[PDB]
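**Student:** Top to bottom, those sequences are chains A and B.
Here the first sequence is numbered in my numbering, starting from 18 and rising by one per residue.
Here the second sequence is numbered in my numbering, starting from 49 and rising by one per residue.
Note that beta-carbon positions come from the ideal geometry of N, C-alpha and C, so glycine has one too.
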Amino acid sequence: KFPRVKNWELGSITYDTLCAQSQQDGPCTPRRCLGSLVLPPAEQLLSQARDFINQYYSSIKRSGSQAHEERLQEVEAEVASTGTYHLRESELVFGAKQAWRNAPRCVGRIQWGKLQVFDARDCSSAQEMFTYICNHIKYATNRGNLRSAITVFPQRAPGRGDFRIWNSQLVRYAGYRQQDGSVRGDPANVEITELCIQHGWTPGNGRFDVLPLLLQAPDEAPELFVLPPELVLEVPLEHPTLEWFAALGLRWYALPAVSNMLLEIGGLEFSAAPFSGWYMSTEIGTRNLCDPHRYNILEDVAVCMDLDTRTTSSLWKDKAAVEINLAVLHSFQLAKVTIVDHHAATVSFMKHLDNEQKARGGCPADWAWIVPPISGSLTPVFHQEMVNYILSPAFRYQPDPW
Amino acid sequence: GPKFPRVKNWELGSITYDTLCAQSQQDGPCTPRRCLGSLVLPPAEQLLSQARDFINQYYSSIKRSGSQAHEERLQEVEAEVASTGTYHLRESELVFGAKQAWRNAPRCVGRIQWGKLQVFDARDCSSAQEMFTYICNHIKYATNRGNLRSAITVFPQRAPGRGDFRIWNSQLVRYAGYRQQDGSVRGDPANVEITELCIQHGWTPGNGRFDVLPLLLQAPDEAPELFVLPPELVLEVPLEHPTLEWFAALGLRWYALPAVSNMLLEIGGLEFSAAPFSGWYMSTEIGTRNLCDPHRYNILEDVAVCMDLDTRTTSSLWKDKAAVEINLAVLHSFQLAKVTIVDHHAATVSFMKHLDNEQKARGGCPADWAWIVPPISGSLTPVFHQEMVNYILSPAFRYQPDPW
Ligand code: HEM
Ligand code: HEM
Ligand SMILES: Cc1cc(N)nc(COCC[C@@H](CN)OCc2cc(C)cc(N)n2)c1
Ligand SMILES: Cc1cc(N)nc(COCC[C@@H](CN)OCc2cc(C)cc(N)n2)c1
Ligand SMILES: C[C@H](O)[C@H](O)[C@H]1CNc2nc(N)[nH]c(=O)c2N1
Ligand SMILES: C[C@H](O)[C@H](O)[C@H]1CNc2nc(N)[nH]c(=O)c2N1
Ligand SMILES: [Zn+2]
Numbered sequence: 018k019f020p021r022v023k024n025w026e027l028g029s030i031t032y033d034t035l036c037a038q039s040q041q042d043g044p045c046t047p048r049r050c051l052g053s054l055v056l057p058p059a060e061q062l063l064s065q066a067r068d069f070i071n072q073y074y075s076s077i078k079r080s081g082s083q084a085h086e087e088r089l090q091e092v093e094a095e096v097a098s099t100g101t102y103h104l105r106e107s108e109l110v111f112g113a114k115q116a117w118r119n120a121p122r123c124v125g126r127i128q129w130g131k132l133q134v135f136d137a138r139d140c141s142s143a144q145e146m147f148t149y150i151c152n153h154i155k156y157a158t159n160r161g162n163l164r165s166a167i168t169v170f171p172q173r174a175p176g177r178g179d180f181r182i183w184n185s186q187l188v189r190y191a192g193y194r195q196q197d198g199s200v201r202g203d204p205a206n207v208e209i210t211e212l213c214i215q216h217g218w219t220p221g222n223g224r225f226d227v228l229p230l231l232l233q234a235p236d237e238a239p240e241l242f243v244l245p246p247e248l249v250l251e252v253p254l255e256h257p258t259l260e261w262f263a264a265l266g267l268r269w270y271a272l273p274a275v276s277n278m279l280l281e282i283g284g285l286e287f288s289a290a291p292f293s294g295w296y297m298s299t300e301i302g303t304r305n306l307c308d309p310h311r312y313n314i315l316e317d318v319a320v321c322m323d324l325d326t327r328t329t330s331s332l333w334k335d336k337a338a339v340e341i342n343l344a345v346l347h348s349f350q351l352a353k354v355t356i357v358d359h360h361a362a363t364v365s366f367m368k369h370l371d372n373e374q375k376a377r378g379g380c381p382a383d384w385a386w387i388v389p390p391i392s393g394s395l396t397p398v399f400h401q402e403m404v405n406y407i408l409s410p411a412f413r414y415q416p417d418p419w
Numbered sequence: 049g050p051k052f053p054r055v056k057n058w059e060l061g062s063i064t065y066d067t068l069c070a071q072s073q074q075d076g077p078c079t080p081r082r083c084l085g086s087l088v089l090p091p092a093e094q095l096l097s098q099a100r101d102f103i104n105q106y107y108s109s110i111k112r113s114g115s116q117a118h119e120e121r122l123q124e125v126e127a128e129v130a131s132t133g134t135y136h137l138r139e140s141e142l143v144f145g146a147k148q149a150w151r152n153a154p155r156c157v158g159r160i161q162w163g164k165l166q167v168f169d170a171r172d173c174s175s176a177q178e179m180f181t182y183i184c185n186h187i188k189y190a191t192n193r194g195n196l197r198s199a200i201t202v203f204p205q206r207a208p209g210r211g212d213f214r215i216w217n218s219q220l221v222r223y224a225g226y227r228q229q230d231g232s233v234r235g236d237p238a239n240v241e242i243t244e245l246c247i248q249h250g251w252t253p254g255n256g257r258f259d260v261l262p263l264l265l266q267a268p269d270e271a272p273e274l275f276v277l278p279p280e281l282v283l284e285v286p287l288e289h290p291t292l293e294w295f296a297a298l299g300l301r302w303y304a305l306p307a308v309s310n311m312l313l314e315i316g317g318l319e320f321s322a323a324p325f326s327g328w329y330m331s332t333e334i335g336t337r338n339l340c341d342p343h344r345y346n347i348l349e350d351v352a353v354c355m356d357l358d359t360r361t362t363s364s365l366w367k368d369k370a371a372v373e374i375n376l377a378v379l380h381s382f383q384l385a386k387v388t389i390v391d392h393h394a395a396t397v398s399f400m401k402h403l404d405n406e407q408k409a410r411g412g413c414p415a416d417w418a419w420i421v422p423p424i425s426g427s428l429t430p431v432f433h434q435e436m437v438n439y440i441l442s443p444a445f446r447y448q449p450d451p452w
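1) Counting only Cβ pairs nearer than 8 Å, list the residues of chain B close to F399 of chain A.
2) Here's a check: name, in chain order, each residue in its chain whose Cβ is nearer than 7 Å to the Cβ of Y226 of chain B, leaving out the five neighbours to either side.
3) So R194 of chain A is in the beta strand (DSSP E); what residue range does that whole segment cover?
4) So the candidates are B:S363, B:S331, B:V125; which of them puts its Cα closest to the Cα of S381 of chain B?
5) Short of 7 Å Cβ to Cβ, which residues in the stretch 388-418 of chain B face chain A?
6) Could you tell me the boundaries of the alpha helix (DSSP H) in which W419 of chain A lies?
7) Please compile the residues from chain B whose C-beta is within a distance smaller than 7 Å of the C-beta of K336 of chain A.
8) For the stretch 91-101 of chain B against the stretch 60-75 of chain A, are there 3 or more C-beta pairs whose distance is under 8 Å?
9) Say the cut is 7 Å; is the CB of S392 of chain A nearer than that to a heavy atom of ligand 1?
10) With a CB to CB cut of under 8 Å and the five nearest residues on each side skipped, what residues in its chain are close to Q71 of chain B?
11) Which chain A residues sit within Cβ distance under 7 Å of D75 of chain B?
12) Checking 8 Å against the spacing of the C-beta atoms, do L279 of chain A and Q186 of chain A come in under that value?
13) Confirm the yes/no value for this check: CB of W419 of chain B, any heavy atom of ligand 6, distance under 7 Å.
14) Against chain A, with Cβ distances strictly below 8 Å, would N104 of chain B count as a contact?
15) Buried or exposed for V320 of chain A, please, with buried defined as at least 16 other CB atoms from any protein chain shown within 10 angstroms of its CB.
16) Using CA coordinates, which residue listed in A:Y32, A:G284, A:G302, A:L324 is at the minimum distance from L365 of chain B?
17) How far does the beta strand (DSSP E) with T31 of chain A in it extend, from its first residue to its last?
18) Under 8 Å, Cβ to Cβ, is there at least one residue of chain A near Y439 of chain B?
19) Could you tell me which residues DSSP pairs with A274 of chain A in its beta bridges?
20) Below 8 Å on the Cβ atoms is my contact criterion, and I expect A146 of chain B with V202 of chain B to pass it. Report the Cβ-Cβ distance as a whole number of Å.
21) Who are the Cβ neighbours of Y107 of chain B in its own chain at under 6 Å, not counting the five residues just before and after it?
22) How should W162 of chain B be labelled, buried or exposed, when 16 other C-beta atoms within 10 angstroms of its C-beta is the threshold for buried?
23) Is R121 of chain B close to chain A? Criterion is C-beta to C-beta, closer than 8 Å.
24) Spell out a yes or no on whether the stretch 173-181 of chain A and the stretch 226-243 of chain A are touching, meaning 3 or more CB-CB pairs, one atom from each, closer than 8 Å.
25) Select from A:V243, A:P239, A:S276, A:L306 the residue whose C-alpha is nearest the C-alpha of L254 of chain A.
26) Report the CB separation of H216 of chain A from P246 of chain A in whole angstroms; it is logged as a contact under 8 Å.
27) At a threshold of 7 Å, does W366 of chain B count as lining ligand 2 (C-beta to nearest heavy atom)?
28) Grouping DSSP H, G and I as helix and E and B as strand, with all else coil, what is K367 of chain B?
29) Of all Cβ atoms in chain A, is any one closer than 8 Å to the Cβ of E59 of chain B?
30) Helix, strand or coil for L231 of chain A per DSSP?
31) Against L228 of chain A, what residues of chain B qualify as contacts under a CB-to-CB distance less than 8 Å, listed in chain order?
32) Counting only Cβ pairs nearer than 7 Å, list the residues of chain B close to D308 of chain A.
33) Label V345 of chain A either buried or exposed according to how many other C-beta atoms from any shown protein chain fall within 10 Å of its C-beta, with 16 as the threshold for buried.
34) Starting from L95 of chain B, follow the alpha helix (DSSP H) in both directions and report where the run begins and ends.
35) State the CB to CB distance for the pair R181 of chain A and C69 of chain B, rounded to an integer number of angstroms; the pair is presumed to be in contact (CB under 8 Å).
36) Can you name the residues of chain B whose CB is closer than 9 Å to the CB of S330 of chain A?
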């Protein structure tokens, strides 16, 4: 039975029929819903391959053409003989865009057709990965006029170990574990900071020390590469009216570039395929700076604003958070670096849901991730029912390589 | 290791397994192919087995499982079903089942309080006039001049052939919503339909933004009858802001008592179609949802203008600023009027404690994440970082179709 999807603000109703194209299972069953959880042979590869080839030629209107049939035989021949096959560059470009389009947790999908795709499948060493990573950052950063991009390194092969980027993002601040349990810097990065030191990085001692990359070619120890500081664009944070805010010395980097997820296209797996767009302000201002287990700066800001910390019912937390998000937006605007606030972002996601309804008969969307972390019911997406499911091409989680 | 849902808190880094979900009899809306968790809406021996399961729950809660009193009660229940098709609850079974239904409710953040519930047994009620009396008593007891007390009143269960006891209104206290000529609504847009039914049944409509609705009460096989709550039984809080002096001039108010009246209480397969329950409010229910939903009072823009914010650009965060002050005003006004209320921070902290109590007591706690996380400041509350397993346990509060 096809899910009846309701918007509770407008009273309007759609049916998701795209979900019937899901061949991959989620965490839920009839007995118990698990959607808020954050983490989880040839014939089988061959059917994923054909389905993806089908998707591709259909995308270009050439379904059933000579080109389509010869391509299917090519894939069939390659798999039967070698247990694997390879994508053409245009197929890869199509699959990368489709993976983003299909990503249930991403609120920036209105953008999905505008993705710069660097083919790095001819990469043979960590040194080469590094040069590719640098060009990606250079291109994507674009002096603050951010552009969405993905770089795709060589696929997994039954023989050997994977190409991997050990870092979870290409740009990450160090977290230094003190002996007295506390952390200087970003607590989310304690373990990666520690790995870098193991592999011979000289650590700094600041709150915003940019980490080096740990790049690993197949069956080789990962190698260390410091990013050239001029490649990493950063925004000093200040507030439009509160002068003391700048004194906090807060900053954030411009480029959100995820570097630990696997890209699956047609049953092929790309263990290193870092990707990037631009930030939504709440990622920085709410989660990264205010999570109790991150920089956790809410009390500092509240004390500065002279708020009554002694009681929850003064909404000191809520007031501080708002000012922090505002500073992020202000400082990024002042520095001419691309950013989108959570109101503009969710408004455009609504438009996206509507495009997808017309094009595909639905849109996989994970409500808990799409609704922003402050002012939820203030945005239109809170009021919109959403159906979550896995379509392929997909970005998947994979184990940490250590 | 364990073959039950693994549940993680991402703030604390701690793990638990939910083993309670193994007691779920009723299927929910999700399947392996697709998650419908964000959707707001989903006898014979069938009765017997639900009855048996409930009686077992009862005897466990008083630690007499396998006892002679337990096996006798089971027999008494099948005997009764055997000859009538239905059965009836002892008084303390009803009290236990009502508390358990609250405790089982996945959408309620107030559940730390579940043990403390006044159960008014009203299973002798035989007319609509008498429901009105019981309801008035409930409001008087629960309101307690502002020192609010959780309560439920239980009217006679559904019976074969015979028609239902129903309260037509969705809540005991609801403000009218009048459809205007210019297509807009005066009052609360959520209440247009029930407002128009009150008028069709001979209510003389007011024309304010905060006109308290009458009750449409229906006794078995009878047309609903209309009853006006005496104004002094309905405590309201006028809204003002601690520092923004003009806020009082907005003339906004809200009622003290949240009392849900259109849900069905199901216990051991028995169906209580009229069983209103009340607690106290969490501030975001009023200040964020009721006052700021675009499809509700929708006052955000009015407040932002008074605060002199830049409403022409999303990036000023004008909505965020206004919503915060509206919530502060709700809290402050309730505090001043000495009417019980809880902020979204205190509420979620207490829910975390509830979750920990339930882990030890029952091995899990069914929880609907989207509903438990408040509608402002989500990640600022600890529940945002808590994974949750949602599933249906019984006794349960259930939705039921509108009587009309
Ligand atoms: C263009 C601007 C973009 C914006 C504003 C944006 C926004 C976001 C946001 C806010 C999240 C939530 C994740 C979190 O809370 O940490 C997210 C997740 C995600 N986005 Fe985007 N996105 C953008 C571009 C992209 C691109 C280019 C890709 C891939 C090509 C992508 C794929 C994803 C994926 C896979 C996730 C889920 C990550 C996870 O589960 O850990 N997005 N996006
Ligand atoms: C003691 C104070 C209480 C507080 C602060 C509280 C809080 C809440 C909140 C915030 C919601 C969601 C409201 C919404 O979004 O509309 C809710 C839902 C609910 N609560 Fe409570 N609650 C309380 C007492 C009770 C009591 C006494 C019962 C029943 C005996 C109850 C049963 C429910 C149920 C069944 C729902 C779900 C309603 C639905 O699905 O539409 N709660 N609670
Ligand atoms: C492309 C893009 C743009 C944008 N504005 N934001 C993003 C999202 O940032 C990604 C953060 C992701 C990491 N894969 O989600 C957080 C996370 C994921 C996992 C698996 C574990 C963990 N602790 N935290 C991605
Ligand atoms: C007892 C109680 C205390 C408290 N603080 N808050 C409440 C919540 O009020 C419940 C409102 C419920 C109605 N069943 O949610 C609104 C709603 C639900 C549904 C299914 C549809 C709809 N249009 N509107 C209940
Ligand atoms: C447990 C819960 O699902 C978890 O905290 C999720 C909720 N929603 C989220 N939404 C976004 N965008 N990012 C997140 O990290 C999370 N965390
Ligand atoms: C689509 C979505 O389920 C809907 O807007 C829900 C979201 N979360 C909610 N949470 C609560 N507490 N109350 C609600 O009415 C809603 N509405
Ligand atoms: Zn689910």
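**Tutor:** In brief:
1) Position 382 of the first sequence, counting from 1, holds the residue named residue 399 of chain A. Residues of chain B passing the Cβ test: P423.
2) Locating residue 226 of chain B in the second sequence gives position 178, where the first residue counts as 1. For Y226 of chain B, where only same-chain residues beyond five positions count, the Cβ hits under 7 Å are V233, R234, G235, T243, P253, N255.
3) In the first sequence, the residue the question calls residue 194 of chain A occupies position 177. Taken as a continuous stretch (DSSP letters only), the beta strand (DSSP E) holding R194 of chain A covers 192-194.
4) Sequence index remark: in the second sequence, residue 381 of chain B carries index 333 (1-based). The option with the nearest alpha carbon to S381 of chain B is B:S331.
5) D391, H393, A394, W417, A418
6) Residue mapping note: residue 419 of chain A aligns to position 402 of the first sequence, counting from 1. Here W419 of chain A belongs to no alpha helix (DSSP H), and DSSP marks it neither H nor E.
7) Counted from its first residue, the first sequence places residue 336 of chain A at position 319. Under the 7 Å cutoff, chain B gives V372.
8) no
9) Here residue 392 of chain A refers to the residue found at position 375 of the first sequence. It does not: the Cβ of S392 of chain A is nowhere closer than 7 Å to a heavy atom of ligand 1.
10) Looking up residue 71 of chain B in the second sequence gives position 23. Contacts found: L441.
11) Within the second sequence, residue 75 of chain B is the residue found at index 27, counting from 1. Near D75 of chain B (Cβ distances below 7 Å), the residues of chain A are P47, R48.
12) Here residue 279 of chain A refers to the residue found at position 262 of the first sequence. Here residue 186 of chain A refers to the residue found at position 169 of the first sequence. No, the Cβ-Cβ distance between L279 of chain A and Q186 of chain A is not below 8 Å.
13) By one-based count along the second sequence, residue 419 of chain B stands at place 371. Yes, since a heavy atom of ligand 6 falls inside the 7 Å radius drawn around the Cβ of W419 of chain B.
14) Residue numbering aside, residue 104 of chain B sits at position 56 when the second sequence is read from its first letter. No, no contact with chain A.
15) Here residue 320 of chain A corresponds to residue number 303 of the first sequence, with the count starting at 1. Label assigned to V320 of chain A: exposed.
16) In the second sequence, counting from the first residue as 1, residue 365 of chain B sits at position 317. Cα-wise, what sits closest to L365 of chain B is A:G302.
17) Here the question's residue 31 of chain A lines up with position 14 in the first sequence. Looking at the DSSP string, the run of the beta strand (DSSP E) that includes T31 of chain A is 30-32.
18) Here the question's residue 439 of chain B lines up with position 391 in the second sequence. Yes, contact with chain A.
19) Position 257 of the first sequence, counting from 1, holds the residue named residue 274 of chain A. Per DSSP, A:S293.
20) Here residue 146 of chain B is taken as the residue at index 98 of the second sequence, counted from 1. Here residue 202 of chain B is taken as the residue at index 154 of the second sequence, counted from 1. Sure, about 7 Å apart at Cβ, within 8 Å.
21) Locating residue 107 of chain B in the second sequence gives position 59, where the first residue counts as 1. Cβ neighbours of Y107 of chain B beyond the five flanking positions: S113, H118.
22) Mapped onto the second sequence, residue 162 of chain B falls at position 114. Under this definition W162 of chain B is a buried residue.
23) One-based indexing of the second sequence puts residue 121 of chain B at position 73. Answer no: the Cβ-Cβ gap between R121 of chain B and chain A never drops below 8 Å.
24) yes
25) On the first sequence, position 237 is the one that residue 254 of chain A refers to. Considering only alpha carbons, the answer is A:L306.
26) Your numbering for residue 216 of chain A matches position 199 in the first sequence. Your numbering for residue 246 of chain A matches position 229 in the first sequence. 20 Å between Cβ atoms; not a contact.
27) On the second sequence, residue 366 of chain B is found 318 positions in, with the first residue counted as 1. No, since every heavy atom of ligand 2 falls outside the 7 Å radius drawn around the Cβ of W366 of chain B.
28) If you number the second sequence from 1, residue 367 of chain B lands on position 319. It is helical.
29) Position 11 of the second sequence, counted from the start, is the residue given in the question as residue 59 of chain B. At least one chain A Cβ lies under 8 Å of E59 of chain B.
30) Locating residue 231 of chain A in the first sequence gives position 214, where the first residue counts as 1. Residue state, collapsed to three classes: strand.
31) Taking the first sequence and counting its residues from 1, one reaches residue 228 of chain A at position 211. Ordered by position in chain B, no residue passes the 8 Å Cβ test against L228 of chain A, which lies about 21 Å from the chain.
32) If you number the first sequence from 1, residue 308 of chain A lands on position 291. Those within 7 Å of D308 of chain A in chain B are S427.
33) In the first sequence, the residue the question calls residue 345 of chain A occupies position 328. Answer is buried; the Cβ neighbour count reaches 16.
34) Stepping through the second sequence from its first residue, residue 95 of chain B is reached at position 47. Start and end: 93-109.
35) Your numbering for residue 181 of chain A matches position 164 in the first sequence. Your numbering for residue 69 of chain B matches position 21 in the second sequence. Not really, about 36 Å apart at Cβ, beyond 8 Å.
36) The residue you call residue 330 of chain A lines up with position 313 of the first sequence. Per Cβ cutoff of 9 Å: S331, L376, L379, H380, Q383, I389, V390, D391, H393, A394.
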